[PDB]
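Participant: So that we are looking at the same thing, I have put the structure below in C-alpha cells.
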Amino acid sequence: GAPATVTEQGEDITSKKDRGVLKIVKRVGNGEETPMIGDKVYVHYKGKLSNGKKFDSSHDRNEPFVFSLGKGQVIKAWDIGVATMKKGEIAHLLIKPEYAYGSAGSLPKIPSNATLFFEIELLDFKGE
Ligand SMILES: COc1ccc(CC[C@@H](OC(=O)[C@@H]2CCCCN2C(=O)[C@H](c2cc(OC)c(OC)c(OC)c2)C2CCCCC2)c2cccc(OCC(=O)O)c2)cc1OC
C-alpha cells in the first residue's frame, strides 16, 4: 500500500528531522522551480485518516483548491510539503499529528492524535 511505501522509503522533509512529514514523489514535475512563501498554489488532492474511515477529495469541489503558501492557510505539513513540489508533481505525504491537528484534533471529524495521508498534485503556482 501507498502509506507503507512512504513509511519505509519516504524522505523526512521536516526541519527537525522527526519523521513528522514523510514524502514520496509519485510523478516527477516539470522544470526546476518550487514555490516560495507567499506564492498562490493550485492543487488537486485526496486525503484520509490513516486510522478509521474518513476520506476527502478535491474532485468533489466545483472550483480549484487554492491557498497562499506559508501563510498558515492549511496545516503545517502542507506548508512544508507543497513547498518541496514542482509544477506537475504528484506526491504522497504521511503526516504525524504534530504537523496536522495534534492532540486537540478537529472534533468530531478529525480525532485526537490522528496521522493523515495525502496524495497531492501541484497544478500551478504564481506570485501574489
Ligand atoms: C494553520 O492551521 C490551520 C489552517 C486551516 C485549517 C482548516 C482545515 C484545512 O485543512 C487542511 O489544511 C488540510 C490540507 C488541505 C486539504 C484539507 N485538509 C484536511 O485536513 C482535510 C479537511 C479538513 C477540514 O476541516 C478540518 C475540512 O473542512 C471541513 C476539509 O474540507 C474540504 C478538509 C481532511 C479531511 C478528512 C480526511 C483527512 C483530510 C483547510 C480545509 C479546507 C480548505 C483550506 O484552505 C483552502 C481554503 O480555505 O479554500 C484549509 C486548520 C488549521 O489548523 C488545524
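Please note that chains go A, B, ... in the order of the C-alpha cells, that every chain numbers its residues from 1, and that ligands are numbered from 1 in the order shown.
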How would you report the residues lying within 7 Å of ligand 1, as a ChimeraX atom specification, if you count only C-alpha atoms and all ligand atoms?
Facilitator: /A:47-49,54-56,65-67,72-76,78,100-101,106,109-110,116
Participant: Please, which residues of chain A, numbered as in this document, come out helix (DSSP H, G or I) from DSSP, as a ChimeraX atom specification?
Facilitator: /A:2-9,58-60,76-82,97-99
Participant: What are the nearest atom pairs, with distances in Å to one decimal, for all residues of range 10-31 of chain A that come at most 8 Å from range 80-88 of chain A, using only C-alpha atoms, set out by chain and rising residue number as a tab-separated table?
Facilitator:
residue	atom	partner	partner_atom	distance
A:13	CA	A:81	CA	7.3
A:14	CA	A:80	CA	7.3
A:21	CA	A:81	CA	7.5
A:23	CA	A:81	CA	7.6
A:27	CA	A:88	CA	7.8
A:28	CA	A:88	CA	7.1
A:29	CA	A:88	CA	4.3
A:30	CA	A:87	CA	5.6
A:31	CA	A:86	CA	7.1
Participant: Using only C-alpha atoms, find the one residue out of A:79, A:8, A:63, A:18 that sits nearest to residue 35 in chain A.
Facilitator: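 Among the listed residues, the smallest separation from residue 35 in chain A belongs to A:79.
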Participant: Which residues are near residue 44 in chain A? Cut-off 6 Å, only C-alpha atoms, ignore same chain within fewer than 3 positions. Put them as a list in words.
Facilitator: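 Selected residues are residues 58, 120 and 121 of chain A.
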Participant: Those selected residues, please, written with N, CA, C and O atoms and delivered as a CSV table (one decimal), in the first residue's frame.
Facilitator:
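Resulting contents of out-v6.csv:
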chain,number,residue,atom,x,y,z
A,58,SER,N,-10.4,16.7,-3.5
A,58,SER,CA,-10.7,18.0,-4.2
A,58,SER,C,-11.6,17.8,-5.4
A,58,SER,O,-12.1,18.8,-5.9
A,120,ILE,N,-1.1,14.5,-3.4
A,120,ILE,CA,-1.2,15.9,-3.8
A,120,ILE,C,-0.6,16.1,-5.2
A,120,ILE,O,0.5,15.6,-5.4
A,121,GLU,N,-1.3,16.8,-6.1
A,121,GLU,CA,-0.8,17.1,-7.4
A,121,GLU,C,-0.7,18.6,-7.4
A,121,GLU,O,-1.7,19.3,-7.2
Participant: Report as a PDB file with N, CA and C atoms, in the first residue's frame all protein, DNA and RNA residues lying within 12 Å of residue 128 in chain A, evaluated on only C-alpha atoms, omitting residues in the same chain fewer than 5 positions from it.
Facilitator:
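result.pdb written:
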ATOM      1  N   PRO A  35       7.662  26.419  -5.146  1.00  0.00           N
ATOM      2  CA  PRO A  35       7.100  27.720  -4.779  1.00  0.00           C
ATOM      3  C   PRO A  35       7.709  28.333  -3.522  1.00  0.00           C
ATOM      4  N   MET A  36       7.815  29.678  -3.509  1.00  0.00           N
ATOM      5  CA  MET A  36       8.280  30.447  -2.367  1.00  0.00           C
ATOM      6  C   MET A  36       7.084  30.764  -1.469  1.00  0.00           C
ATOM      7  N   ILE A  37       7.380  31.162  -0.231  1.00  0.00           N
ATOM      8  CA  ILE A  37       6.404  31.681   0.693  1.00  0.00           C
ATOM      9  C   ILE A  37       5.711  32.885   0.063  1.00  0.00           C
ATOM     10  N   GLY A  38       4.375  32.856   0.160  1.00  0.00           N
ATOM     11  CA  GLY A  38       3.539  33.924  -0.354  1.00  0.00           C
ATOM     12  C   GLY A  38       2.989  33.581  -1.727  1.00  0.00           C
ATOM     13  N   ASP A  39       3.577  32.610  -2.424  1.00  0.00           N
ATOM     14  CA  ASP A  39       3.048  32.267  -3.730  1.00  0.00           C
ATOM     15  C   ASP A  39       1.674  31.630  -3.563  1.00  0.00           C
ATOM     16  N   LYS A  40       0.776  31.904  -4.523  1.00  0.00           N
ATOM     17  CA  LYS A  40      -0.509  31.224  -4.626  1.00  0.00           C
ATOM     18  C   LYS A  40      -0.262  29.879  -5.296  1.00  0.00           C
ATOM     19  N   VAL A  41      -0.747  28.806  -4.666  1.00  0.00           N
ATOM     20  CA  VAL A  41      -0.597  27.461  -5.197  1.00  0.00           C
ATOM     21  C   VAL A  41      -1.961  26.858  -5.488  1.00  0.00           C
ATOM     22  N   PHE A  67      -4.444  28.087  -2.216  1.00  0.00           N
ATOM     23  CA  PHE A  67      -4.039  28.707  -0.972  1.00  0.00           C
ATOM     24  C   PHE A  67      -2.704  29.400  -1.213  1.00  0.00           C
ATOM     25  N   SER A  68      -2.368  30.338  -0.325  1.00  0.00           N
ATOM     26  CA  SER A  68      -1.106  31.066  -0.344  1.00  0.00           C
ATOM     27  C   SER A  68      -0.144  30.270   0.535  1.00  0.00           C
ATOM     28  N   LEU A  69       1.012  29.939  -0.030  1.00  0.00           N
ATOM     29  CA  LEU A  69       1.917  29.056   0.679  1.00  0.00           C
ATOM     30  C   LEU A  69       2.587  29.773   1.840  1.00  0.00           C
TER      31      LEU A  69
END
Participant: Taking only C-alpha atoms into account, which of A:77, A:64, A:93, A:32 comes nearest residue 11 in chain A?
Facilitator: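 Answer, going by the shortest atom-to-atom distance: A:93.
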Participant: So that I can check the secondary structure, give me every residue of range 18-94 of chain A assigned strand (DSSP E) by backbone DSSP, as a list in words.
Facilitator: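 Everything in range 18-94 of chain A that counts as strand (DSSP E) is residues 21, 22, 23, 24, 25, 26, 27, 40, 41, 42, 43, 44, 45, 46, 47, 48, 49, 55, 56, 57, 65, 66, 67, 68, 90, 91, 92, 93 and 94 of chain A.
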Participant: For residue 113 in chain A, please output as JSON, numbers by chain all residues within 6 Å (counting only C-alpha atoms; exclusion window: fewer than 3 positions along the same chain).
Facilitator: {"A": [97, 102, 103]}
Participant: Can you tell me how far CA of residue 92 in chain A sits from CA of residue 118 in chain A, in Å to one decimal?
Facilitator: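 Interatomic distance here is 5.6 Å.
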